[PDB]
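**Student:** Dropping a structure here in structure tokens format, bear with me for questions.
Just so it is clear, none of the values below were taken in a lab; they were calculated from the coordinates. Positions of Cβ are backbone-derived with ideal geometry, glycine not excepted, and every protein chain shown enters the neighbour counts.
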Amino acid sequence: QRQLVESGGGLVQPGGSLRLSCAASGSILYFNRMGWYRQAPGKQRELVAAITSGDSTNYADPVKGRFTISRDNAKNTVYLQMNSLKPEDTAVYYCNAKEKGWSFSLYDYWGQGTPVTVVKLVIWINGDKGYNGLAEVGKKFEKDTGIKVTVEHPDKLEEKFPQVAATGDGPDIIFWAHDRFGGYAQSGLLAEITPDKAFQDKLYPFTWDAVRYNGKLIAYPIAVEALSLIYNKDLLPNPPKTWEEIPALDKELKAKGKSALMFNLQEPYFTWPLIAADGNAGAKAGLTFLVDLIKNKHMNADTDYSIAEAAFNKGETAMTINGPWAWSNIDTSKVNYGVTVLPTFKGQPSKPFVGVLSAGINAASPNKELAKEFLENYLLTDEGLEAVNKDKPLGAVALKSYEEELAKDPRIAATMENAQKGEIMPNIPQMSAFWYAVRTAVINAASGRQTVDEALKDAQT
Ligand SMILES: OC[C@H]1O[C@H](O[C@H]2[C@H](O)[C@@H](O)[C@@H](O)O[C@@H]2CO)[C@H](O)[C@@H](O)[C@@H]1O
């Protein structure tokens, strides 16, 4: 009898290629039509290509331009050269042949089927982090498996993820501080994390608590993040221990063509430590001080991450407020820097919010088990976290094995100092609305629109 046998089905990276081949146990000359049909999980049959005895080749609009149906009557084989592959292609590919009998009737013949998988691992992480290093981990993953690991860093990913991931595809794995994850969890945008005891035991038990919402693990903890006072040791050997002595220092420095302190005033995460130093009466005190700095022309009105960073690295400002991630760019520059305790306000310390960098799996992802493999066996390893850390520092890693190395770093000590003086952010769904309320409040008071008393009024609502 006549039997069709397909081959060439495997795993590939989008943009890659695959040659399917279907050999018959009889001459293709006898066939009228030969063609390729595909079936994806839970879907109807979809013709992709066909070739008639008359040498005419037809294709479906999705594959048109990308796929070519070929035939070799010597080898008694029909081919499908699939170039520039996409995730929509992923399906079981079947070979079909039709034969007119001697009489009026016809015969349809089918094959076993050959599986084609187009898989890409996509990761969303912020641009201020070590995406290049994260890619080096991803490159080792592809060597040991065959899956592509692209690393993306889009602007406003914290508020682009819940919109895109809900409707569209978005990323497989999302990287952000733990505070944003409760809102994703409530909305149903994250898969439940199920790590075995042995993996679970590799990380500090306090770190796991930050990535828990209603008794379910919603992410993998990576590292603890806290803002510290970054200062130029040459321009300022004995930096301010108090916030209230910065105006004096600024007067001194402005005479020599230099600023005292430049940091990101737009993002409320940077201004919150000063605001929360005393506490309400504490928020009113802390903000009024911040307002007086801009009013006394000590700080610029629209001071953002880039002009603050650049100014410090250039050697224009004596101080800056930033996280572990910012250190590598300073090292690149020729600035003898120091990381220390944040200045105190009204005697009491400035309480910076503490973030736990965490990796979560998108609920609407087909690569949930592949991402778990990447996160556990490749990223959350000594070797894996090292790679990320040499690009842009992670801070105090969640890995137990890294304690000695963390403790040997003076900047980590300063980070932990500030983290103890601060507090971990609750993961709750209301954090988004909270942060927005503070973002507006600080900008309005900074520019000169709303009063300090009226800012806390609108923010408490
Ligand atoms: O600015 C408010 C913003 O702050 C925090 O985001 C931090 C993030 O945690 C850090 O890793 C760093 O990259 O900067 C961000 C602020 O610029 C909160 O995690 C976030 O929810 C909040 O929107």
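**Student:** Distance in nm between label sites at residue 449 and residue 155, each 7 Å beyond Cα in the beta-carbon direction?
**Tutor:** 1.9
**Student:** Take the alpha carbon atoms of region 54-102, find their center, do the same for region 271-349, and report the distance between the two centers in whole angstrom.
**Tutor:** Here the answer is 63 Å between Cα centres.
**Student:** Peptides 184-195, 224-235: what's the order by average Cβ count within 10 Å, highest mean first? Display every interim value, and only then the final one.
**Tutor:** Details: 184-195: 17.7, 224-235: 22.3.
So the peptides 184-195, 224-235, ranked by packing, come out 224-235, 184-195.
**Student:** For 208, 176, 124, which order do you get if you count the other beta carbons within 10 Å of each Cβ and list the fewest first? Please list the in-between numbers first.
**Tutor:** Working: 208 18, 176 22, 124 25.
Taking fewest neighbouring Cβ atoms as first place, the list is 208, 176, 124.
**Student:** List every residue whose amide H lies under 5 Å from the amide H of residue 217, counting only residues 5 or more places away in sequence or on a different chain, with H placed 1.01 Å from N in the peptide plane.
**Tutor:** Correct list: 193.
**Student:** Find out how many positive minus negative residues lie around residue 255, taking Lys and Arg as positive, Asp and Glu as negative, among other residues whose Cβ is under 15 Å from that of residue 255.
**Tutor:** +2
**Student:** Oh, and also: Pulled fully out, how much extra length does the chain show between residue 254 and residue 209, if you take 0.36 nm times their separation in residues and subtract their Cα-Cα distance? Write out the running numbers ahead of the final one.
**Tutor:** Details: separation 45, 0.36 × 45 = 16.20 nm, distance 4.59 nm.
Once the chain is fully extended between residue 254 and residue 209, it gains 11.6 nm.
**Student:** Between residue 200 and residue 81, 0.36 nm times their residue separation minus their Cα-Cα distance comes to what?
**Tutor:** 38.4 nm
**Student:** Arrange 204, 213 by Cβ neighbour counts within 10 Å, fewest through most, would you?
**Tutor:** Values: 204 16, 213 20.
Sorted ascending by nearby Cβ count, the order is 204, 213.
**Student:** Given labels modelled 7 Å from the Cα in the Cβ direction, how far is it in nm from residue 368 to residue 43?
**Tutor:** That separation, rounded to one decimal, is 2.0 nm.
**Student:** Let me ask another. Work out the FRET efficiency for residue 106 and residue 144 from their Cβ-Cβ distance, taking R0 = 51 Å, and round it to the nearest 0.05.
**Tutor:** The pair residue 106/residue 144 has a calculated efficiency of 0.55.
**Student:** On to the next question. When the distances between all Cα atoms of region 280-400 are binned every 5 Å from zero, what whole-number percent does each bin get?
**Tutor:** 2, 8, 13, 15, 16, 14, 11, 9, 7, 4, 1, 0
**Student:** If we count every other residue with Cβ under 10 angstrom of residue 89's Cβ, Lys/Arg +1 and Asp/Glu -1, where does the sum land?
**Tutor:** With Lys, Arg at +1 and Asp, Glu at -1, the neighbours total +2.
**Student:** What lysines could a cross-link reach from residue 98, if we take a straight Cα to Cα line under 27 Å and drop same-chain neighbours fewer than 8 places away?
**Tutor:** 43, 64, 75
**Student:** Starting from the Kirkwood radius over alpha-carbon pairs of region 169-260, derive D by Stokes-Einstein at 4 °C in a medium of 1.567 mPa s and give it in µm² s⁻¹.
**Tutor:** Values: Rh = 17.2 Å.
It comes out at roughly 75 µm²/s.
**Student:** Classify the chain as rounded, prolate or oblate from the Cα gyration tensor: take a ≥ b ≥ c as the square roots of its eigenvalues, call it rounded if a/c is under 1.5, otherwise prolate when a/b beats b/c and oblate if not.
**Tutor:** Working: a/c = 2.89, a/b = 2.75, b/c = 1.05.
In terms of gyration-tensor shape, prolate.
**Student:** Taking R0 as 30 Å, what's the FRET efficiency between residue 288 and residue 430 from their Cβ-Cβ distance, rounded to 0.05?
**Tutor:** According to the calculation, E is roughly 0.70.
**Student:** When the helices in the chain are scored as -39500 (n - 2.57) per DSSP H run of 4 or longer and the sum is shared across all residues, what 222 nm value do you end up with, to the nearest 500 deg cm²/dmol?
**Tutor:** -9500 deg cm²/dmol
**Student:** Taking H as built 1.01 Å from N, whose amide H comes closer than 5 Å to the amide H of residue 351, not counting residues under 5 places away?
**Tutor:** Here 276, 277 satisfy the definition.
**Student:** May I ask you to order 402-409, 266-273 by the average number of other C-beta atoms within 10 Å around their residues, highest value first?
**Tutor:** In descending order of packing, they fall as 266-273, 402-409.
**Student:** Give the separation of the Cα centroids, region 131-156 to region 352-403, in Å.
**Tutor:** Value for the Cα centre distance between the two parts: 12 Å.
**Student:** Each residue of region 371-377 in turn: what ³J(HN,Hα) in whole Hz from Karplus with 6.51, -1.76, 1.60 and θ = phi - 60°, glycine and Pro shown as x?
**Tutor:** 5, 4, 5, 4, 4, 6, 7
**Student:** Using the Karplus curve 6.51 cos²θ - 1.76 cosθ + 1.60 with θ = phi - 60°, what ³J(HN,Hα) values do you get for each residue of region 247-263, in whole Hz, with x for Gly and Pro?
**Tutor:** In residue order, the calculated couplings are x, 5, 4, 5, 4, 4, 6, 4, 5, 8, x, 9, 8, 8, 9, 10, 8 Hz.
**Student:** On to the next question. Taking a threshold of 25 Å on the Cα-Cα distance, which of the pairs 156/197; 156/457; 120/156 fall above it?
**Tutor:** The answer is 156/197; 156/457.
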